[PDB]
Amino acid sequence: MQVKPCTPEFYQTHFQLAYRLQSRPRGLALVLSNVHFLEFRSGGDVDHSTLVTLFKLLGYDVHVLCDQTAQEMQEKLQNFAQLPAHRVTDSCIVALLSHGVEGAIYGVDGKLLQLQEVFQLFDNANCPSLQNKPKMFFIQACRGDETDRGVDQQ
């Protein structure tokens, strides 16, 4: 994997109308993967490696958590949101990869963590260090058991 760098000219002509994003590191990123539980998530290790690599190459300092219970996820997401580093970074990233249902994801113990509770950890009241800073979340998890059969193309 390689990440093509932007040009100085692209920066100069776009930074005024964008979130400030120049800190080194650009932010902390957290990649939390659950694979063993809700069948084993084969290929889940490829996703995890790929994102760790991606986010480092994008200039993030990456923290990783693997195979955590719902309660561990909540406690550790809370610890991550409260890190002091957030005051001197310009952005934040959280990727959660697991099984899930609509609005929640599973811990390895088969219990559920609500996504609203996650987003709340990082909001303007609970995480003042990230106020006005862009916060990205990528959630790889089912939102239901319905398989989409697809439709023809008319």
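Numbers for residues come from their place in the sequence shown, where the first is 1.
- Deposited sequence between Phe37 and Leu38: 4 to 9 residues lack coordinates.
- Of the two segments examined, 89 to 97 and 102 to 110, it is 102 to 110 that shows the higher average Cα temperature factor in the deposited entry.
- Looking at 12 to 20 and 140 to 148 together, the entry lists the larger mean B-factor for 140 to 148, computed on C-alpha atoms.
- Within the group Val118, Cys66, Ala29, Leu58, the record's highest C-alpha temperature factor is found at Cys66.
- In this PDB entry, the Cα temperature factor of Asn124 sits in the bottom third of its chain's modelled residues, the lowest group.
- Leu51: CA B factor lies in the lowest third for its chain, per the PDB record.
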